[PDB]
Structures are given as C-alpha cells and as structure tokens.
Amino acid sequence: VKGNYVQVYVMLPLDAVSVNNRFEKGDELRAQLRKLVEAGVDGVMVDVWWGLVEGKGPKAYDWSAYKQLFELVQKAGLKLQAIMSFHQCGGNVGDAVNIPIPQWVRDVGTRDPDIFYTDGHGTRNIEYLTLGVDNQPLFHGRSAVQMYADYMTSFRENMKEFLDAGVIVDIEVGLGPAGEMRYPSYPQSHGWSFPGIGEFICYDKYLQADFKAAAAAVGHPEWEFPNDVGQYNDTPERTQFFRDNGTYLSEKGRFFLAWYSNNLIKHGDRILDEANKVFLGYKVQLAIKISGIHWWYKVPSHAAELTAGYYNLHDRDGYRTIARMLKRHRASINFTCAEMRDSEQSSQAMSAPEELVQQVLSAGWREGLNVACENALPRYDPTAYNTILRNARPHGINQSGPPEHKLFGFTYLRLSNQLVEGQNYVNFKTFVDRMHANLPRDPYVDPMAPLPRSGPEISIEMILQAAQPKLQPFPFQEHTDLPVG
C-alpha cells in the first residue's frame, strides 16, 4: 500500500517575507504550520523573491528574513520546496503583494528597454528579463544567466544547513513570469482578459536579431514575424494565422512557431545546466513550472498555447519536447490545473484542462521524469480534491505494490487562515489522508539521492524528435477510487 502515497505540499503566502525583506509573520505562521502538521502535510513551498534578496544592489544578497522563515519551517518538522523566483510578484491594479525585480536591474532598462519582453505595439513587460539577454553582459558586467547562477550559488552557501538537514528537498527554477517557463503572452496589465488568444512577445531587439539570423541560416533572410495574428483578446477564427486551415500551417508559420518555442526550450536548458552545477551533490530535485494554458486546446491551432510558447498541435507534442530537454538534468515537471474539470469551464473558451493535464503528465512519464502538480485556482471543495486525487493516481490504488503512474507530489495553492479553519480544514485534512492512501504521514518517503551532474548536452534537433509521432495519453479513470466524502 505505501507505494501509493502521494506527498502534499502547501504554498505559503506571497508575503511570507514582507515586501521590505523582513520576517514579520512568526506567530501567525507558527500556528498555521502546526495546523498543517496536524493535517499530515509533508511540506511547504515558498517564493524566494529575487527582488527582495538582491534588492539593494548587485551581489548584495540579504538572506536574513528567509533564514528566519526557514528555521520556523524546520522547527515545525516540515519539508521545503524553494522557488528561485526571478520574477515580479503582483504589480497589477488591486494586487495585495507587490514585489518587482531588483530596482537596479530595472534601472538598466531605462537605458536599454530591450531587456524586457516586448509586444508588437512596443509595450515593455517588466515582470521578467527576456530570454534574449540570457547571454548578454548588460547588468553591471553580468548576463542574466550569470545573475541567476550567482543567486542560486549564494542561496546554496547561505542555506547549506537546511539543505544538509534534509529540510530543503526541492529547488523550483523560475524561468519566466509567475516562475513559469513561458512568454508573458496574456498580461492583464496590457489589457488581456480570458480567453483571449494572447500575443507573441518576441519584439525586443535581441529576439528580433536572433530571428533574422535564424531565418538567414535557412535561406530566407527576407522573412519577418507573422502579421496576421490579431491581438490579445481576439478569437482564433478572427485571424488569418490561427483560424482553421490558417497560415500557422505554412512553411513560414511553422518556422516561426518552431523558432519561438525552441527559444523557450533553450532558455530552460541553459539555466537548468547552471542550476544543476550549483546543486550538484545535494539531496534535492530540480523542477521547472509549465503553465496550464487550457483555453483554445479544443481548436486546431491551440492558439493560446502557441503564443505562450508551447508549440502544441494535434500531431505535434509541444510538451514532450520540453520533457526530453529536462531528461538529461533529471529535472521534474511541475504542472498546474490538477483541480479542474472541463465541465467547470466556459464553452466559448474552447477549454480542455483535463486532456491538457493528461497530455503533460503522460509526456513526463514517457521521458522517465518525476511529475508534480499544483491547483491553478483557489479551491476548498471536495470535488476539487477528488479531481486532484484522480490526477494523483490516474489508474487508482494498486493493492499489490506501487501504481503504474502517480504524481511525485502535489502542491496546494495556498495557505491562509481560511484553509486551516472551519469545514475547509476538515475537507483539506481528509484530502491529505486520501493522498496518503489513508496511511500516516511518512517524513522519509521519496528519499533523494545526491544530485548527479546533467548528462551530455543534446541539440534542438535531438529534442524535437520527441514531437512526433504524437501519442495518445495514458488512460485516466474518470473518478478517483479513494474519494474524500
């Protein structure tokens, strides 16, 4: 029965550490984490905000608040998943917690605005640095990749005690906005609202130069980005690019989609190679986060996935390519939407979160990866938990041994007083029991080996062999066999 146990983590509040980099929630979190422990929770997840830690200047890392937070977590006896959060928290009208990337990095942007992902109207998105500057030494002598590597190295050195004590068990490497490996193709601040197709965010001068060179390398120097793609809030059929039998299918469209999605893959590969080197020999898993772009999954162009950078079509597996890139690093996939049913979604959005989840989990498992999941949106109801349970053990319980497939972990978004009071807590606690296959909490489950060095670098052509033939997912049971109620 023990092979069925799925670990449950809970995300901490976005302001677990204050926006001024002070630890202020000692008493509150102590009581809240005690409730989590009483409920059987294996660990917590937390954003380690770049804007807080390296906020005062290059290499001025102030870890003092995170250390206090981490001691609290260790004192509670909980495991810890640390997100290298190289992205802005909040920043939209109405957001409660607002933590931009370091001011001194934004200061570079006042002179070189092309450090930011840029749309076709020229709007600069300040939430994250363009993958176009990964290897450009623009930041007081450092490249973006060097800044990420140096931050992770400082983290390791300063948190060594927590790593050695087995408190920190997972490093989630932020690779884009919201920590997700994607482009910022659906920004509320630029006027997007659900379920707009989004936009291609490749207009910064660095990416423009990259495209031109890539185009010349295949004999077509003349080529430009597609200009029949509409705008953020369009539907696919309103554009010549994304409509059925549209220009996304052309030789030109295919080249562009490949270039855009490949650049995201290369960004992840090169940052994971550095992260692996940093954490070599520590008993931790490295993970990336893939965003759950479920809208337009039911139309041929998969338009919102394409603009996010996931080149996914009925005959092209745009997630298995990503999974193949992760293999050499022994990195895990952290996906979302684990809580969603298709019946809960708007019809006109053409949304299929269940099939998308099935596609991403199946891709990870076919590449031999650990796969974990999060809920996309806040949920406290038994139906949500039953959906997560279904995704956690897609073929149900194996009474003989471990199941054919299971999630390596699930991380719940997110801790607050609401979760640990009233009927919410009862529902949550029962969820954790079921995730644990009704066994008691086992802190020693899923032990990590010392992280080995990433295997040999493989080319983009090698990675892309995973795109086709596109396979049906593994069959998933309609309903969990171990529901909450």
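So that there is no doubt, residue numbering starts at 1 and follows the sequence shown.
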item: Which of 391-399 and 137-145 has higher mean CA B factor, as the PDB entry lists it; value: 391-399
item: 79-87 versus 93-101 - which carries the larger mean C-alpha B factor in the record; value: 93-101
item: Selection by C-alpha B-factor (highest) of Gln74, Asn125, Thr153, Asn312; value: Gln74
item: Among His302, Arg366, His220, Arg182 - the residue whose C-alpha B-factor is largest in the record; value: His220
item: Relative C-alpha B-factor of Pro447, binned into the chain's lowest, middle or highest third; value: highest
item: Where the record places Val426 (Cα B-factor, split into thirds across the chain); value: highest
item: Lowest, middle or highest third - CA B-factor, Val48; value: lowest
item: Modelled-residue ranking by C-alpha temperature factor, third containing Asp317; value: lowest
item: Entry-reported Cα temperature factor of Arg453, expressed as the chain third it lands in; value: lowest
